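For reference, the structure discussed in these notes is given below.
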């Protein structure tokens, strides 16, 4: 769906005065000031210099008239407040000519000939779609750092906020979302010197937030593509903030949704950025504290890799691995899991427990199919109308009581599990109940149907056997979901990966204890005097790209010494 | 492709009902009356659109 | 029509060269040039740029508003014959030059990063005159 | 230089019985047996070319350099490692020649808890000889520079009795995860200097380097070890491919078939 919703005025067209612009006559010769007002705007639109010099000259001569101290806001009212409050600078900065530099410094000097220029420079729109729009952004748009330095020499508020409707409620329509700050705008639009120039100002906040509570980086998260483009600046912009930032805490900042930028980068699905954020191979010495990848020791082509692991696995609320499985609406999740703190960690958690505990509930169910098949083919039936959906065998030699509290209580163990496993997510008719809640629904439907035979016994219903026979053959039918662990039996592979990626977190949801499965090198020394923390990971490297390795941790051991 | 056939079909409608528009056709068309870049050209504009490919090198 | 631009320019050098002339079907230079593009695959797409070349060389709306012997607009003649590709060109065709703006049809003013305003000329386009292109 | 000036003046105070011995204790930490130089070669720096040259001149002026330069790692975890051994891993071939100009020993066998199984246990079994890891880490000119020295032995064996070749067999692993230099390095050494004595050598566990590729699964280099035609008159014997009757789209083929068939025990087949 691509409308544009132009809702408010059509914002600086060469159109007619179809709008009512008959407010101030004050006539002395067929029109006094509307001829003065608009011919300025056309001179603003064109750049005729001497005419504008004569325009400004009689303008101040028009403002020479008797006002006392009501002249400056008159000149505000004279120059602005048509419908939107737009200034000459706004109109001048939209179009461009080679005359543009000279006409500003003339124009800038005029409100410097008065004392309202600081009130004048930070005009913004009453215009509802663009409430908060300043002249800076337009210069940022049209890439005039030459003018922008004079705007800094004018001293405009660099930390303004364009919180109009110009950013959208939808996804990629009716306007872009640079996050309302003048710093982010040149940052999003690849003006690195200006980015360097803007961050050089001491008045420039960086840690300020959006309406949506966002830093500059959250905007940058909402930029990137789905692939390695023709060398996008988005990645090489990101660090140039961070090395100039000098602080770890900026990514610890949350948003209106209370999310880390990296955590937001999961939901936005921007993989290549997320590959970049996760590495941080900081080579440059004094700020290697904020790195995230660490050469332990290299010694040739096989080094001991070491990742960050601080918000990654489910040890806190809404870990970044918790997003990538449990978020839908990203059609690149299968390929994102190629990365190493993702991929290998799943190989880790499969290893020490998930090969164990999955095959047990496989075997608990496989023996449950044996206790469900045999009791309705050996003896369901004794000769007239006595049903026995669960045969009792009141006498000695306890055979049929041993299966009964095995069948019906394990029927509760799937019913209580799946009755709550469905009470986490509400799918909508496709792709999350047909791929994610596909078999667990059948797991839940088989759960309900076994206990359903008990209420057929209440006053001897007819449905005791033809309904209960459906639980058996469908009980053998959902075994395809439980031949999932074999590599040989399981792009549908990558779908199958993501399907058993659903499983592994589900069993971690079934680890209520103190997690004696300790999957990680705990709280080791990072390159700091104090940060001997941020529990860890160890991985292995092979042949290419032979370079020397300056930064490391220890003087070539492989394991811990002693 | 049958949707495009439907695009013909609802196109066949919209002319018929527009043909059935009574005595005044007024102001049920578009945003117009633009001042074209001329001294005598005052006719008939229409509204705005969008594309999302700011993306390039730009040095 | 056979993709020979310099001799067209050389034809445009002569003062005696009429552009306004009609034919057996009352057709100008443009009308027939409409009738042959056929494709994008089986043409290297010079007809678009040749059609561009002539109007910027010399042209007014008199040359566009002309109708043929069977009474038909050269805009509409593409509309009847199915010349889809040149109709894309005949629609927007923005020109930035001050004594050349009037012959354009695309008018971009409110353009901002990834957004860009759009205006169309909409002359024989709507149903306010008979035989619209629509 | 200040520490060098101070220690020089401090060494002048005790010269009654140990001027060479007392200094050698100072230059090397007693724990690991690592020198200042060994620290200097791990911790690299884009200033280090002078920093060694100054260091060597001090050991030269006090005339203890050859004891110092060809001193080894002596802490029995990854023992026997020279400072030179770092420099090839540090791939600083330029100053490595200065160590060659210093007269460092090209024969060093660094034992230790590396070259072990279970690759995560670092296990870099290049076979502990300084020739190997130059060629094992794709460094051809310094291999040529190693071939320049007369003292450079090729014939040497190891803990597993392995030559230069045997270990070089044990690392190719692939064609995808290697740019295939092992083939051309293996080519480089035999044409540089070689006889069948160097091929017929067997290891400590008694095994042919032809057969060692056969046991370990090094498929790709086995393609190279089989045909390997060389046209040069004092070089034909080391070849194995013999093309004579070749005509347009047809070409005769001959193979050497020495340890190949089942006429000796443990054939490659």
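Observations, loosely collected:
- In the stretch D:1-108, counting only helices (runs of 4 or more DSSP H) that sit wholly within it, the ones holding 1 or more residues that are out of contact with any helix residue (DSSP H, G or I) (no Cβ under 7 Å at 6 or more places or on another chain) span D:2-11, D:20-27, D:36-42, D:48-61, D:65-69, D:93-102.
- Selection from the stretch A:334-355 of residues that are closer than 22 Å to residue A:510 by Cβ, part of a helix (DSSP H, G or I) and in contact with a helix residue (DSSP H, G or I) (Cβ under 9 Å, 6 or more places away or on another chain): A:342, A:345, A:346, A:349, A:350, A:353, A:354
- For the stretch A:525-553, taking the residues that are touching a strand residue (DSSP E or B) at 6+ places or on another chain (Cβ under 8 Å) and part of a loop (DSSP other than H, G, I, E, B), the one that is nearest to the other protein chains (Cβ to nearest Cβ) is identified as A:538.
- Being more than 23 Å from residue A:2 (Cβ to Cβ), within 14 Å of chain C (Cβ to nearest Cβ) and assigned to a loop (DSSP other than H, G, I, E, B) holds for only one residue in A:190, A:168, and it is A:190.
- Filtered residues of the stretch A:79-104 (kept if under 15 Å from residue A:43 (Cβ atoms) and over 38 Å from the mean Cα position of the chain (by Cα)): A:79, A:88, A:97, A:99, A:100, A:102, A:103, A:104
So that you can scan it fast, the table gives a plain yes or no per residue for (1) surrounded by fewer than 17 Cβ atoms within 10 Å (Cβ to Cβ); (2) more than 14 Å from every other protein chain (Cβ to nearest Cβ):
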position: C:44; (1), (2): yes, yes
position: C:59; (1), (2): yes, yes
position: C:63; (1), (2): no, yes
position: C:78; (1), (2): no, yes
position: C:106; (1), (2): yes, no
position: C:112; (1), (2): no, no
position: C:117; (1), (2): no, no
position: C:126; (1), (2): no, no
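- Search result, residues across the stretch B:21-37 that are surrounded by fewer than 12 Cβ atoms within 10 Å (Cβ to Cβ) and either more than 17 Å from the chain's Cα centre (by Cα) or within 9 Å of chain C (Cβ to nearest Cβ) (or both): B:21, B:22, B:23, B:24
- Single residue of the stretch C:109-134 satisfying the filter (touching a strand residue (DSSP E or B) at 6+ places or on another chain (Cβ under 8 Å) and in a loop (DSSP other than H, G, I, E, B)) that is farthest from residue C:53 (Cα to Cα): C:114
- Checklist (1) within 23 Å of residue A:6 (Cα to Cα); (2) within 9 Å of chain C (Cβ to nearest Cβ); (3) surrounded by 10 or more Cβ atoms within 10 Å (Cβ to Cβ) applied to residue B:53, failing item: (3)
- Residue pairs meeting the criteria (Cβ under 6 Å; at least 6 apart or on separate chains; first closer than 16 Å to residue D:76 by Cα, in the stretch D:12-35; second part of a loop (DSSP other than H, G, I, E, B)): D:32/D:75; D:33/D:73; D:33/D:74; D:33/D:75
- Qualifying helices (runs of 4 or more DSSP H) (wholly inside the stretch A:193-283; at least 3 residues being surrounded by 13 or more Cβ atoms within 10 Å (Cβ to Cβ) and within 14 Å of another protein chain (Cβ to nearest Cβ)): A:233-245
- Taken over the stretch D:4-20, the criterion of being farther than 20 Å from residue D:82 by Cβ and surrounded by 12 or more Cβ atoms within 10 Å (Cβ to Cβ) is satisfied by D:4, D:7, D:8, D:10, D:11, D:14, D:18, D:19.
Neighbour counts run over all protein chains shown; Cβ positions are idealised from the backbone, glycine included. Computed from the coordinates by the stated procedures, all read-outs in this text should not be read as laboratory data.
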